[PDB]
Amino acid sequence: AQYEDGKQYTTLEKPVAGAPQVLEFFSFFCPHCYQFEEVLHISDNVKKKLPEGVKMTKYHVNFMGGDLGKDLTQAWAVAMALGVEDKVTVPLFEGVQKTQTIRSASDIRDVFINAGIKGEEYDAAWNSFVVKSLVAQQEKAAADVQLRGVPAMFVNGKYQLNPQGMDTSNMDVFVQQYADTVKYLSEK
């Protein structure tokens, strides 16, 4: 057929109960994730095609970058709690990988301050248990899909996107296939 298990996607041996409908994993340290987000715009292209009543969820991962990697997962939790993901995603990627001016937790915070988030507001969120549980949720989700690498995307806790089974040709043909595959999986 057009969409095939083992080609555009794979099927988790162990489906995840109560998982987000569309779950993306990434790291601000991840060069392919930079490409995915800032050049290919995978998230946005996927969202433009998602059915009504389907939400996209995006989690950060710890295993790249040591202590700064975990700081970034905690800051991503802050971004989720404050609902400012679309203000900090680009300057966090560029700060980590382009300018490489993000080297400490304070440098991360600066990105939020510069983006208009009040210091008191960031710090309260940073130290909150709501953010601790969001960090735990992201870690839990990684365990549940038995995550081995980023970027990655899972649909309805049952299917894993398999970009190596898609075409690499035109980045755009690739992006369209990826987005088309997510939509197909969402309706499966």
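The first residue of the shown sequence is 1; numbering continues from there. Between two forms, the rigid core is defined as the largest C-alpha subset superposing within 1.5 Å.
Once the rigid core is used to overlay the structures in 9 other deposited structures of this protein, the stretch among 21-29 and 160-168 whose CA atoms lie farther from this form is 160-168. Mean CA temperature factor is higher for 55-63 when stretches 55-63 and 132-140 are set side by side in the entry. The deposited model assigns a higher average Cα B-factor to 39-47 than to the other stretch when 123-131 and 39-47 are compared. In the PDB entry, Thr101 places in the highest third of its chain by CA B-factor. For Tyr9, the recorded CA temperature factor ranks within the middle third of the chain's modelled residues. When all modelled residues of the chain are sorted by CA temperature factor, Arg148 is found within the highest third. Ranked within its chain, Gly95 lands in the lowest third, by CA B factor from the PDB record. When all modelled residues of the chain are sorted by CA temperature factor, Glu85 is found within the middle third.
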